[PDB]
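Chemist: Input: one structure, supplied below.
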Amino acid sequence: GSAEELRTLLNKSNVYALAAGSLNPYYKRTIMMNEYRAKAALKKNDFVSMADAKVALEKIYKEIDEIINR
């Protein structure tokens, strides 16, 4: 379900923010924005915001992985 999936993504957010210190400031600030949006969406049980934060976090983690790995 969306809440559990989103918490799992959040559990990697600080790790990804540290890794993002090697890259343009865009990456960390995108992670931090979505930490805020994800945490607020969970607290309100807002499924629309939970889905948006899930997609955004998946997207930024993939971007960071692809820069660092390639």
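Chemist: Most mobile of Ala53, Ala17, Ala40 per a Gaussian network model of the chain (Cα springs, under 10 Å)?
Modeler: Looking only at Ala53, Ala17, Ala40, the largest GNM fluctuation is found for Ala40.
Chemist: Next question. Could you please rank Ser22, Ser2, placing first whichever residue has the fewest other Cβ atoms within 10 Å of its Cβ?
Modeler: Sorted ascending by nearby Cβ count, the order is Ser22, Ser2.
Chemist: Shifting gears a bit: Among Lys54, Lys43, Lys28, which one moves the most in a GNM of the chain with springs linking Cα atoms closer than 10 Å?
Modeler: Highest fluctuation among the options: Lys43.
Chemist: If you take the square roots of the eigenvalues of the alpha-carbon gyration tensor of the chain and sort them as a ≥ b ≥ c, do you get rounded (a/c under 1.5), prolate (a/b over b/c) or oblate?
Modeler: The shape class here is prolate.
Chemist: Evaluate the relative contact order of the chain (contact order divided by residue number), counting alpha-carbon pairs under 8 angstrom at least 6 apart; express in whole percent.
Modeler: This gives 38 percent for the chain.
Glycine also receives a Cβ, built like all others from the backbone with ideal geometry; neighbour counts cover every protein chain displayed. Every read-out reported here was derived from the displayed coordinates using simple, explicitly stated rules and does not represent laboratory data.
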